[PDB]
């Protein structure tokens, strides 16, 4: 469901840039075994931006097939044209995903009123639950609490991935929504803080390579054991930062390959292969988390 440690899973690729089915299966089994609560398929970390709509759908369908009911699957579904968002979401009706992660229109910088209409329209054309995704550093566009409050009144809009790293948002949004609207961090480095303020979990990049620690950290948090949780957190903190030493998902894909979870660390342009210096930095962070 929508709590605990949710992975924004990489889209592993062969040397040609196409999805690697064996690698994907290996990651999906690693999650099922690790206690991960759900998989976000073709989020930002899954290279949503460089997959075409059919390739995106293939990866989601494949991911659901390979999950085989053992672990719920959320699909990335954002578009910055409201009509395109509706169409793309319609594709996944009756597919088996439990929900959609739908990104704020990126680029065209709508007003808060436009954001409200965009998401309200998306929600009205599906029965799938919708998790709003706010990530202003990528989109140029900031979904404010007041607007999240308005959107939470729509039946199937059920939570938000808050990736600003701005922790005052947690309670500004909580005071405006019902007790079962979910609040998930999209910022690994502040996610334990976010849960300590009342957040319900995290859509994590770090969980790609430390799924068990991340799932244990979020059980502890949800139980009120923040000081036990922080010990795992300090173990992971260099990763939470150094998985962004170069643009995501360049580091986390390299790390997945170095840990043997995927066959190649290939990405699509304009993402570039990891630099030597980035490799050493990520290597050190992995050693610190006790994974090499």
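Residue numbers count along the first chain shown, from 1.
Asker: Taking the mean of the C-alpha B-factors per stretch from the entry, tell me the winner out of 101-109 and 200-208.
Answerer: It is 101-109 that shows the higher mean C-alpha B-factor.
Asker: Check the entry's C-alpha temperature factors for 68-76 and 82-90, then say which stretch has the higher mean.
Answerer: That would be 82-90.
Asker: Going by the entry, which of 27, 227, 61, 39 has the most elevated CA B factor?
Answerer: Each of 27, 227, 61, 39 was compared by C-alpha B-factor; the highest is 227.
Asker: Among the choices 126, 168, 190, 147, identify the one whose CA B-factor in the record is greatest.
Answerer: Checking the PDB record, the top C-alpha B-factor among 126, 168, 190, 147 is at 126.
Asker: By the recorded C-alpha temperature factor, relative to the other modelled residues in its chain, which third is residue 51 in?
Answerer: Lowest third.
Asker: Can you tell me whether residue 217 has a C-alpha B-factor in the lowest, middle or highest third compared with the other modelled residues of the same chain?
Answerer: It belongs to the highest third of the chain when residues are ordered by C-alpha B-factor.
Asker: Using the temperature factors of the C-alpha atoms in this entry, rank residue 235 within its chain: lowest, middle or highest third.
Answerer: For residue 235, whose C-alpha B-factor we compare with every modelled residue in the chain, the answer is the highest third.
Asker: Should residue 16 be placed in the lowest, middle or highest third of its chain by the C-alpha B factor in the entry?
Answerer: For residue 16, the deposited C-alpha B-factor lands in the middle third.
Asker: Thinking about Cα B factors across the chain, which third does residue 119 belong to?
Answerer: CA B-factor rank for residue 119: middle third.
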